[PDB]
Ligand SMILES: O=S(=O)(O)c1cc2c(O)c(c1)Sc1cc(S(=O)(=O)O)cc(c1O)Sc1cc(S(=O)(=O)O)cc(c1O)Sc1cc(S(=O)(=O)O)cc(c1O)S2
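Just one chain is shown here, as structure tokens, and it is the form solved without the named molecule.
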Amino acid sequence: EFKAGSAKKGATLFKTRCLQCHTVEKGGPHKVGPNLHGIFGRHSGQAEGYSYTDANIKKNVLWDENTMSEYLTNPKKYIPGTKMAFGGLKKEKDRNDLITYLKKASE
């Protein structure tokens, strides 16, 4: 599903649609949502010091581009009971862009 996109456009999507709840940089603080540094390649629910729902932890998904993509289409469907209040990125090109950005910034 996932196809490489534009990191630049991904940056704008993140600013607009995610930054209110999430920081990305190494050492960034938690907010409404967890800091996302190092999210890719990790199991869900493992950002240190963050208070996750049991739903998020029990999902037991390894985050990669493709699982991220399916998650961001409809977070509540992918992880029933998650407290992440976000409807979804419905456009495939938006998911691709955001993920391209996030893969790089969260490294």
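Counting begins at 1, following the sequence as shown.
- When all modelled residues of the chain are sorted by CA temperature factor, residue 80 is found within the middle third.
- In the deposited entry, the Cα temperature factor of residue 48 places it in the highest third of its chain's modelled residues.
- When the CA B factors of the chain's modelled residues are split into thirds, the value for residue 70 lands in the middle one.
- In the deposited entry, the Cα temperature factor of residue 38 places it in the middle third of its chain's modelled residues.
Unshown form solved in complex with the named molecule; subsequent notes refer to it.
- For the partner-free chain shown, 89, 90, 91, 94 of 89-104 come within 4.5 angstroms of the named molecule in the entry with it bound, judged by any non-hydrogen atom.
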